[PDB]
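# Summary of the model geometry
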Amino acid sequence: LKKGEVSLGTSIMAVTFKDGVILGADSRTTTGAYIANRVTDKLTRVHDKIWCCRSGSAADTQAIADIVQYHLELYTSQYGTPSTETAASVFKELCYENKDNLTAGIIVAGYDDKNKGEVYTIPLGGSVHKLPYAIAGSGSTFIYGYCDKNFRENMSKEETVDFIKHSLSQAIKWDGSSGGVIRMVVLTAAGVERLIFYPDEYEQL
Amino acid sequence: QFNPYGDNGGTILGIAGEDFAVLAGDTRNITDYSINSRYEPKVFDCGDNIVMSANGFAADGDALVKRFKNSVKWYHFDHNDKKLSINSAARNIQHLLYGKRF
Amino acid sequence: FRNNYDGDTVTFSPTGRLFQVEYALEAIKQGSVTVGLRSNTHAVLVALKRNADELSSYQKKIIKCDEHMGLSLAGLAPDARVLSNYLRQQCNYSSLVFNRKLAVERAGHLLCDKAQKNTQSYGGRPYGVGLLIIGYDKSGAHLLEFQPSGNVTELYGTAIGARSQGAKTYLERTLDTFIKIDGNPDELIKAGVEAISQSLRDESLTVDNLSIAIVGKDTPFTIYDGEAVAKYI
Amino acid sequence: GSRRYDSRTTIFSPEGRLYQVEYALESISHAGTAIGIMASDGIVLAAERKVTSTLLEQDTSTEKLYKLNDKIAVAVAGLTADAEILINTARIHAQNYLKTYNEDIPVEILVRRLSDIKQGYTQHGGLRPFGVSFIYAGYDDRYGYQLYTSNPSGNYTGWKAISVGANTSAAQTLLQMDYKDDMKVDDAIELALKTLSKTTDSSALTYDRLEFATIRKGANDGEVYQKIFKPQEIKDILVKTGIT
Amino acid sequence: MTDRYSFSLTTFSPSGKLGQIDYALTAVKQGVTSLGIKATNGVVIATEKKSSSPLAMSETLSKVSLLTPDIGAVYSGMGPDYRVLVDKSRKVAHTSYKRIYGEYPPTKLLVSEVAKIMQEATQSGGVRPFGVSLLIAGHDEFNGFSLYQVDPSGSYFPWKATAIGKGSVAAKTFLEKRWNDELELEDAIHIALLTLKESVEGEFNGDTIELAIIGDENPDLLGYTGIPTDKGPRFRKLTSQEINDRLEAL
Amino acid sequence: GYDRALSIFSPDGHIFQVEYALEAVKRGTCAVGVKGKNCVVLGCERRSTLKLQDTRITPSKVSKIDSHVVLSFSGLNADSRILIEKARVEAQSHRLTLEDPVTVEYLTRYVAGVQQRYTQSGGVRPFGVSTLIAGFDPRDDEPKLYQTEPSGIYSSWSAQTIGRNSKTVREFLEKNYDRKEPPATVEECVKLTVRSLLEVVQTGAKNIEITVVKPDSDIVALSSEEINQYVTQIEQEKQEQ
Amino acid sequence: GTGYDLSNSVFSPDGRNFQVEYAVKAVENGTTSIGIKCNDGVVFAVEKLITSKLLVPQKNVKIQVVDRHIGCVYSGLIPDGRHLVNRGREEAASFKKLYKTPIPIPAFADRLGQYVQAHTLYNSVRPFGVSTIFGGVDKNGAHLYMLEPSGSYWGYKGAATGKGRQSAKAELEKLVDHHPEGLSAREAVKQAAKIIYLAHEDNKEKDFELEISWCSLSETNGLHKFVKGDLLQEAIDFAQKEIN
Amino acid sequence: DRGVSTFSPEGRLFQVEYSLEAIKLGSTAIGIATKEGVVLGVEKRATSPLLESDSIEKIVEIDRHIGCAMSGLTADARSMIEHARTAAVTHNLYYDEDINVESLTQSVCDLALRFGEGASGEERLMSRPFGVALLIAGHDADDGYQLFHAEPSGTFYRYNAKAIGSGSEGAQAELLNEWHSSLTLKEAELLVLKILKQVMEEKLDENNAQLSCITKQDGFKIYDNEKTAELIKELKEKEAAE
Amino acid sequence: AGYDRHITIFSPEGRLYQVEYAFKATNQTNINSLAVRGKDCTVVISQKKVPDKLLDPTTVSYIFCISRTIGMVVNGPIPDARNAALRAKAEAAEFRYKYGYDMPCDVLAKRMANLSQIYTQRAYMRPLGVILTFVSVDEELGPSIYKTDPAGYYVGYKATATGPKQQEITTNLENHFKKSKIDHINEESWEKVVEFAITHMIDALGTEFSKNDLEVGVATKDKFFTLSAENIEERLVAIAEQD
């Protein structure tokens, strides 16, 4: 993270479920103890069903994403929808290449028809992993035990949701950097759906 | 920071014979207190009845020795398989070494 | 038309042809003759070394690019020297990068594709030499012919340059014999000896006229000149 | 192949000539007659606005006489565009030279500067030269007033007076006739104007058909002063010639 | 590939001529007759909007284009050539002037700058001169209104008024007839209408014709308020309405 | 970017561009130089096609590359300038690099390649200038006379002329000059020069311009008066018979 | 005028590039070769002309593979397509390097067509003297493509190039009618073999060798591979019977 | 016109082919490789008495152990000469030794084809072939003395002796008979110098010709006019016997 | 001299024949295509010709989707089409990338036209002998029609067609549009607009068309797409009803 840019952190988690994957992250962006923008969406679309959880330097992610979005769009404008995996490959490249200049972790997730939902983590190492679910950002620290014990495959949409909803709330609860509101994004064959949650709810779970 | 260098351990000994010549070092390769390979031949004939060994960070000398024999090949190409004089290689290798001067 | 279509490497004939190539291909014939053949165990290079004069020496038509690999040439020498060196690197490169003796076939591809640049690329010219190349490898002995068109071919035997056709027939005429000759390079030689004699027209090969090279199973790519060829003269 | 299309600019005549240079010179014949004179006390610059008209705006218009520096201004014989290139460059070059030494460029240095630049196209590049030649009017410390010239070939000379464009030989004759070394600017002024009016290919020699300038160390001075005359001023001095 | 035409494409004739330029002029003369007039209060330029098909939407093509809020341009010739030059002209103005001086260049320099480009086409290899000439009008603080004409020669000079393209000769003829110093723009506007009407063959109206002026600054067009120093663009383009309005005033 | 090869072997193996450059050389106003016993003198005809020029500010057909070494030429005044230039850099370079000004030959050989390069250089034409090089080596008074030509070839001359008509005056010089006796006196060397000069110049003093290199960076150009005085004298001795 | 053909990028008076059209000449001259997209996948069939006994059987191989799923074959000057092929091999590598996937046939198809067309874009660039039949199984089925020096390729239910293409195009058209269903790779293998011999009847004057390769979503899983041995020998005699 | 790398309809390079013309236009230059040494001699060919033949050297020393002579357009070689000399030095710089005459020679001929306009496959920047041919004489431990004829073709051969330049072929024929391995440096001097005087338009002298040798002991050694004049006069005596 | 024919430089008349010859290669593929702004939408109709069975017909298109929003149909050599489309496709994303929003249609055309203009002026570059047709529903302009030539010249169109018989189709619509007086079709459903065009396509071509016969594409708000043969046939169904 460079000196003077806003720090993301918050808590990003993406979980595949029986009908697909849903992405969620806190809304809170901070520079030090100061919360730069509490409402900021960290969930981002590079591509129609292909999406990303942005952690690390917001500038990086913000900058990186469109680049991927660019190429994918270009790629799609050529060859159509890439695999959510292929999308990850794009990030990895820039990540793995510019890692020395880049501080970003990225959970890449996209809904494929054939693959249903998918999740791909790219930590700052530029490595890539397809996962049933993934978490990253600062608050992710607190929730691993929670997540793992509580995670299941092919849960419902909503089972995942609350599993998400609780997990983040913990991170939001425990992490300072995690907070604002819980933005969730739905990835299925049904389509893309953003979901928001206000503290007065998820703070209480 | 990544260190470009290290040591693989193992001392080498040259001796010029009057009529003959001999060179030797151990076969032991190590890292710190860990033995890389008890048997790791460190000394190499490069051809023309001329043998070479580089003791230090191996991969350096390794690629070097490699590069050197490479030079030998082209020498024979260009000098029409003339034998390379033991001194010449030195003058040559000096360049190779000094080619890395910095 | 000629001056129109023969001028530039980049320009097809109305029939879609490259006369510069065809001319470059011509110089092959202008070049002296060299001969080559292989067993499965061995591959033989046989060249007739041409002079300017008797006061001059006989230009060597044969080149070693490697221990398993070297070549012969009929055509403009420098191109080969360019290519041979280029090739030598590759073999050495393969030897460097992969610790791998360059596959004779895989070797030809590069040169095939290399001159192919000259072909389609304006400003240049194809190489002025057709090439015979032998190598022994994990796939064994191999004889590869090159064309300045880029076209490469793996043969049992062949010859190029001036009037190489006679032996070429004789080789084809002799086909199954030498290829069966295995571990006896001598006959493999003496076959090629009789071969190059076929397209010998003006004179007989001599100690200096003839040039011989061989790679084989345990035979590294090597060259026999003069006294070496004497017993085979 | 590209060869078909090359005019092969820089290639020698069998006689060792460069026809482009030749032809560039030829277009310069077609260029508006431009004249300059080094007087004893100054240097005069007068050139015919060529291809003029009523709604042609004169005042802002300068197609010929351009100022590289306050000690170096020039008259242009050739394509207006091409010179402006060199014009700009030289200025920079001078400015550089100035910025280099904090001192003004001895004119030839700037002249020879452009000289070889033209010559740049001459000996290389397959590039057409400029169809332009120049009257180089400059004052220096060393030779004081200096009147130079150039040709697209880059060859260049000094002059006590000179003319370019059309009617040069005629002017040159008139000039090489009427000139005398000690002439004062104002004499040379009319002298050119005389030569101009005569060498004028049109009917009348008129200000609106002219560009005019002078390099002069003024009476109150120590700053050798270049001046371009305004059309009226030109028209005014046009009268002073009796040409009226 | 690898352009091997590095050699100047247009070469001096045995007569000392540059034919491409001459032919450009030829093509330029072929251009749709287009005019400009520098009046007292300002400058106006005009040209006929050429429809090669009514299916085509004329307005989608602009032969007159603002270079700077006080400078806009028009041509006679190949549209495409005019098109790209506009951008460069626009760009170089920002870059080589505004991005240096923070403002919009005096009409001359930009013109001088533009012509520089066209010259380059004439000289550098691999390229041909452009198929247009340019009538350029601008107002600057010190030189006020000015009107320029740039050729594929890259030569440029001011005018009191002028026209380029086919009927331009006939136009300029009538222009010289009509023009005086003291013409105010509107009459000059009206004049241009009169003049271009002659160069006009098919329908003559704001939908057939393209008019714009260098006028007084237009705070409305400034797009914002609160800045005293900037009262907006002097340039404007005229509506077919306004045109046809004054085409009544014919 | 323009590589195009102008200089090419003719069907019979010539480069006409070179051969045509020879013409501009011939077309170039004649230039001549001769080396006196201690000295060298350089005659040049001022291109006389025009006049009324200011000769002061107009450069001399002869030019100094370095304090001890000068050059004259015949050909396009343009082409010279570049040639003139790099040599000047060269000496300074040699001065700087070698702690020493060049030998006349050194720059000579240097300049030659420059031409000689542009021959087998592509995308450029050769120069149209042949040159005469004069100078006395560092710590050597000895006359050094060198003739170069767009083909980039140089050589030493007891005396040499170049340009138009050079053959004519050369024939004069060939007989008029004697190797066994260099015109030791600068003047007589100058004299022999001007004698040779009017053989072409066709009666002018100003039309003629003279320059003399003496040892140790001693180099001088001569005034028309000095010239005319020789012109006068020469005429007499001719007239006398 | 004339000689429009004499430089590549030039438009003919009718707006054509005869060089490419001339390049097309040797394309026909190129050894007749065909390709077939069977039900799951594609098959690549080419005649190998035997010039002499000195040729070593099976050794000089025409059909070339790009990545592991894409075979390619071309009538024309061998080094050309080879040169091109490498670039394709480059393309997919880059593509896969970027996209982590093996490249879609159509994707791969497109990239080349540009690079070929590039050689239509300059009078100094010699068009390609080859036309490659190429394809393979990809994410969605297979595809069968043949790219022309024109820079034009298409989806092909069947494809043929070289001399005997007519005899081929005949047979291909037939099997289309024989099997609008599709075809089994096996029969795709078999039928091509017949087609080749039939196609060879144009070149019947000399003996040849038969090389056939294929990419089967089923049998090669989507890899591209040669037909070899018995199955190879099968289609031979299958055809060698049917040829009689 | 026509491309520079354009092959003859026979597959030959016109410019190269034409380059051979100026080769014959070059002064006749001759040398003889002996076991004793290699004699070199060349045609000064002064175009004027005012031309001082001292400044004419078509014989040049590459190095002590290796030197060469030129016949053709001379200053072309300057690069090559400068190039060549470098290589040996370079070789010695790397290899702490002399270079095989061939190895050097071979290296030099690689300059040959490097003319081209943006040539396909490499960047070799020169417009035209070299306008000169080279007799090359050097003594190397391996090959002893040798004589190679460098060519703008990039081809070169060993030669018992060789005649290049204008009167080459006839002089060459002379060499054919005259030469034998057992020739002596002095004889070779005599032979060359005579055959020079033979082929020379002008009456041979030390001034209108130039001599030198390369001798394993002394490497490359020039002959001065005086030793030359003696040999000349010596020939004049020996040439006049019967 | 006469190379002016061969290269791009002003004729003695100031003309570029390479350009004008490139205008030949336009209809060389001999496809009569059209474009019309519907009410909300824009529809492109074109001849889809399949000479050979062995082809994949589905692979045959001159209508290319440049963006999510912008489709483009091409008239001329398929390689240049395959060439040009990518160029465009490169732009929009980069435009979208650089400028944050998808390139409005004209800009593309304006952009692409420059290239030709470049090729126009550049010698070693030949121009492409394709005419390009750019339509989409521009959020600001709604339906929009832009057609570029090898000259770098282009303009908006109320509607336009391209092909050998383009002239007639031009007339037909002009008549129709003069009759309508309105720039775009009143029909809200492109469906009708498709059928409308095909009608006037069939009309001005006097030629009936099957599902395979036609290449069809549909510019909609925020999306361009091309119809199936079914959709085609579906339209072919109703046209058989009204007519």
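## Topic: a negative patch on the surface
- The grouping of D:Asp70, D:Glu103, D:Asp104, D:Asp141 and D:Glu223 at the surface amounts to a negative patch.
- Looking at the secondary structure, you find D:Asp70 in the loop between strand 3 (65-66) and strand 4 (72-77).

## Observations concerning the environment of D:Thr80
- Mapped onto the secondary structure, D:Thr80 falls in helix 2 (residues 80-101).
- A relative accessible area of 11% places D:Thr80 in the buried class.
- Separated by 49 residues in sequence, D:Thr80 and D:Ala31 place their C-alpha atoms 9.8 Å apart.
- Discounting residues that sit within four places of it in the chain, D:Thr80 has contacts with D:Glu63, D:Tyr66 and E:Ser155.

## Considerations on the interface of chain D and chain F
- Facing 39 residues of chain D, the contacting portion of chain F comprises 32 residues.
- The contact between chain D and chain F buries some 3100 Å² in all, and 54% of this surface belongs to carbon and sulfur atoms.
- Linking chain D with chain F are two salt bridges, by the criterion used here.
- On inspection of chain D and its partner chain F, the count reaches 18 residue pairs in polar contact.
- Contributing elements (two or more residues each) for the side of chain D that touches chain F: helix 3 (107-123), strand 6 (145-150), strand 7 (158-159) and helix 4 (168-178) of chain D.
- Ranked by the residues each element gives to the side of chain D that touches chain F, the list is headed by helix 3 of chain D, at seven residues.
- Within the side of chain D that touches chain F, the residues separate by chemical class into 13 nonpolar, 17 polar and nine charged.

## Considering the sheet that holds strand 5 (residues 133-139) of chain D
All names here are of chain D.
- Spatially, the five strands line up as an open sheet ordered 3-4-5-6-7, and their pairing is antiparallel. Two strands lie at the open edges of the sheet, namely strand 3 and strand 7, each paired on one side alone.
- Sheet analysis places strand 6 next to strand 7, joined by two bridges and oriented antiparallel. Bridge pairing in strand 7 places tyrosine 148 opposite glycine 158.

## Thoughts on the pattern of salt bridges
- As enumerated under the stated definition, the model contains 78 salt bridges over all chains in all.
- Shared partners join several salt bridges into a network, and the residues in it are A:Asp162, A:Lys165 and A:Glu201.

## Focus: the packing of aromatic side chains
- For the structure on display, the rule yields 48 aromatic pairs over all chains.
- Taking the centre distance of 5.4 Å and the plane angle of 35° together, the rings of B:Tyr75 and H:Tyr95 count as tilted. In this pair, B:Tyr75 sits in helix 1 (residues 58-78) while H:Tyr95 sits in helix 2 (residues 76-95), so the two residues belong to two different chains.
- Take B:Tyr75: its relative accessible area is 1%, and that puts it in the buried class.
- Overall, H:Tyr95 belongs to the buried group, its relative accessible area being 12%.
- Here I:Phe95 and I:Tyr99 contribute two aromatic rings whose centre-to-centre distance is 4.7 Å and whose plane-to-plane angle is 70°, an arrangement assigned as edge-to-face. Taken together, the residues I:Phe95 and I:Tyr99, both in helix 3 (residues 78-99) and four residues apart, mark about one turn of the helix.
- Given the relative accessible area of 11%, I:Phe95 is considered buried.
- With relative accessibility at 44%, the residue I:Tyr99 sits in the partly exposed group.
- Grouping aromatic residues by their ring pairs yields a cluster made of C:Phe1, C:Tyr5, C:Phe19, C:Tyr23, G:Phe18 and G:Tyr22.

## Quick look at the pairing of strand 2 (residues 20-26) of chain A
Residues and elements named next belong to chain A.
- In terms of burial, strand 2 is a largely internal element, seven of the seven residues being buried.
- The turn joining strand 1 (residues 12-17) and strand 2, which pair antiparallel and follow one another in sequence, is formed by two residues.
- As paired strands, strand 2 and strand 11 (residues 182-188) are joined by seven bridges and run antiparallel to one another. Across the sheet, the residue bridging to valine 21 is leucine 187, located in strand 11.

## Topic: the sheet that holds strand 6 (residues 142-148) of chain I
- Taken in spatial order, the six strands line up as 3(E)-7(I)-6(I)-5(I)-4(I)-3(I) in an open sheet, and their pairing is antiparallel. Whereas interior strands pair on both sides, the edge strands pair on one side only; in this sheet they are strand 3 (56-57) of chain E together with strand 3 (63-65) of chain I.
- By the bridge criterion, three bridges tie strand 3 of chain I to strand 4 (residues 71-75) of chain I in an arrangement that is antiparallel. The residue bridging I:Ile63 from the neighbouring strand is I:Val73, located in strand 4 of chain I.
- Lying over the sheet, helix 4 (residues 105-121) of chain I contacts strand 5 (131-138), strand 6 and strand 7 (154-157) of chain I, oriented at roughly 160° with respect to strand 5 of chain I.

## Looking at the arrangement of the chains
- In this assembly chain C lies apart from chain F, the nearest approach of their C-alpha atoms being 10 Å.
- Chain F shows no contact with chain G. Their nearest C-alpha atoms sit 14 Å apart.

## With respect to the packing of helix 3 (residues 77-98) of chain C against helix 4 (residues 104-120) of chain C
All names here are of chain C.
- Viewed as axis vectors pointing N to C, helix 3 and helix 4 meet at an angle of 135°, and their least axial separation amounts to 11 Å. Considered as vectors, helix 3 and helix 4 are oriented oblique to each other. Seen from above, helix 3 lies across helix 4 with right-handed handedness. Between helix 3 and helix 4, the contacting residues are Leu83, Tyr86, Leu87 and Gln90 on the first element and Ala107, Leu110, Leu111 and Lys114 on the second.
- Per-class residue counts for the contact of helix 3 with helix 4 are six nonpolar, one polar and one charged.

## Digging into the nonpolar core
- Counting 107 residues, the largest nonpolar core has I:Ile45, I:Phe134, I:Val194 and I:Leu214 as the members making the most contacts within it.
- The contact partners of I:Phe134, leaving out residues within four places of it in the chain, are I:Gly71, I:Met72, I:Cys105, I:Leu108, I:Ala109, I:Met112, I:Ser144, I:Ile145, I:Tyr146, I:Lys147 and I:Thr148.
- Judged by nonpolar contacts, the second largest core, of 46 residues, contains C:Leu188, C:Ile189, C:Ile214 and C:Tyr232.

Thresholds, definitions, all that
- For each chain, positions are counted from 1 along the sequence as written; this may not be the entry's numbering. Residues without coordinates are not shown.
- Written order determines the labels here, with chains lettered from A and ligands numbered from 1.
- All values in this description refer to the chains shown, which are themselves only part of a larger assembly.
- To obtain the side-chain values, all non-hydrogen atoms of the structure were included, while hydrogens and water were left out.
- Residues with missing side-chain atoms are left out of burial classes, side-chain pairs and their counts.
- Patch membership needs two things, relative accessible area over 30% and no salt bridge, and members are linked within 9 Å if like-charged or within 5 Å if nonpolar (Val, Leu, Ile, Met, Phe, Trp, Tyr).
- Method for areas: the Shrake-Rupley scheme with a 1.4 Å probe, in which residue coverage is limited to the protein chains shown.
- Note on definitions: salt bridges are taken to be side-chain nitrogens of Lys or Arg within 4 Å of carboxyl oxygens of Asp or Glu.
- For the charge count, each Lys or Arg is scored as positive and each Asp or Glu as negative, with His and the chain ends excluded.
- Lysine's charge is taken at NZ, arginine's at CZ, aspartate's at CG and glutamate's at CD.
- Helix and strand labels come from DSSP, where a helix needs a run of H or I of at least four residues and a strand needs a run of E of at least two; each type is numbered from the N terminus.
- In this scheme, a residue with accessible area under 20% of its type's maximum is buried, one over 50% is exposed, and one in between is partly exposed, where area comes from a 1.4 Å probe on protein chains only.
- The criterion used for residue contact is that any of the two residues' heavy atoms lie within 4.5 Å.
- Simply put, the buried area is the total loss of 1.4 Å probe accessible area from both parts when two parts are fitted together.
- Polar contact is defined as a pair of N or O atoms within 3.5 Å, subject to the rule that within protein one atom must be able to donate a hydrogen and the other to accept it, and that residues adjacent in sequence are counted only when both atoms are side-chain atoms.
- For this scheme, ten residues count as nonpolar: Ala, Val, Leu, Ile, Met, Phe, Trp, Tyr, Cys and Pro. Four count as charged, namely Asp, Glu, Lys and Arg, and the remainder, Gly too, count as polar.
- When DSSP finds two or more bridges between two strands, those strands count as paired.
- Each aromatic pair joins two rings of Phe, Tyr and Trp (for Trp, the six-membered one) with centres within 6.5 Å, and gets the label stacked for planes under 30 degrees apart, edge-to-face for over 60, and tilted for any other angle.
- Interaxial angles span 0 to 180 degrees and are taken between N-to-C directions of axes, which are lines fitted to C-alpha atoms, for helices over the stretch in contact.
- Oblique is the label for any angle not under 35 degrees, not over 145, and not in the 65 to 115 range, which are roughly parallel, roughly antiparallel and roughly perpendicular in turn.
- Here is the rule for handedness: rotate from the far helix to the near one, and if that takes an anticlockwise turn smaller than a right angle the crossing is left-handed, while a clockwise turn gives right-handed.
- Put simply, buried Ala, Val, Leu, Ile, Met, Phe, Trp, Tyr and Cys residues joined by side-chain atoms within 4.5 Å make one nonpolar core.

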